[PDB]
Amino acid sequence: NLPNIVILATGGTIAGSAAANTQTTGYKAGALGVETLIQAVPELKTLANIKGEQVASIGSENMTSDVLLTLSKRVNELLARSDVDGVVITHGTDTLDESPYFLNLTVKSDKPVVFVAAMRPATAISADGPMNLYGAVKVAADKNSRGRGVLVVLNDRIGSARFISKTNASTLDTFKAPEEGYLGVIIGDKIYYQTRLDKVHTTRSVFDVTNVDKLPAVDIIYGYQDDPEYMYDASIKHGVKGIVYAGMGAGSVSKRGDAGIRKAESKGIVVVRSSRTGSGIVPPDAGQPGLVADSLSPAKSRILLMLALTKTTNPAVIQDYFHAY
């Protein structure tokens, strides 16, 4: 009859009370076990019988690469059984830009992996966690929802981890993607799909971390009007593997940045040019240094280069990774 699904908790807002009926102020978030959540929404049972686990309880601001490593692995572990049809994961709102994209490059299965969260506290007037969680499961248990990549579900929308991001600081509808749109929507208890991702992911993925201990170090440097050359000397003097330049316009550099990058490359450090605008593609130009991010954002570019460096260190191949993913 009903399918079996597992909820993996990491903290967040959906599982976090405030101190007032309408308190949307800096409070302590992520203070809820996976046991209670079952309670609050007993309507979940009509959808599918569920089992819960506790993977952690830390703010998304402090989510770390170490955890993503432990998470991806576990995920593959449970997705491999016959009594596990899908997986839902509660997570923070501040870094939901990175976490769901990392598993997109490392889970080896067709069975659904869905992230869910909330902008309003669980005690706020008109809290969204309930209904966002309710629909996050529904898509998990759906047959048609298979083989579409890692998904993100908030505000009645269904979007891919390759495109979505938090576009506004504190609004309910922050997550979106101007250019790419959504995958599908959830209306009237029914689900409607509209489009499919046209990039490589999950199964066809070449990245595997079945047995990796630590990832390389990758920094992000902003580009502005009077940017400091010395900001570069640091990461270098700390031996990081790669650097992601979040630059002006389509990743342009000043005579101070054009200089620092070279200094870095010589030392064997890989650099990638991304934009600071928030949308669009950065094209290539032999008149400038470094490699070029496709239409990946600073945040997601770091997540790519980090895994692209455990495989190889050859520019050509790397560059070709940014256009295929």
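In case it trips you up, residue 1 is the first one in the sequence shown, and so on.
Here 110 to 118 and 82 to 90 are compared by their mean Cα B-factor, and 82 to 90 comes out higher. The deposited model assigns a higher average Cα B-factor to 21 to 29 than to the other stretch when 300 to 308 and 21 to 29 are compared.
Highest C-alpha temperature factor among 46, 295, 277, 266 per the entry: 266. In this entry, the residue among 288, 60, 39, 65 with the greatest C-alpha B factor is 39. Residue-level temperature factors show residue 51 in the middle third of its chain, judged at the C-alpha atom. Remark: residue 8 belongs to the middle third of its chain, ranked by C-alpha B-factor as recorded. Annotation for residue 317: C-alpha temperature factor in the middle third relative to the rest of the modelled chain, per the entry.
Residue-level temperature factors show residue 143 in the middle third of its chain, judged at the C-alpha atom. The PDB entry assigns residue 73 a C-alpha temperature factor belonging to the middle third of its chain's modelled residues.
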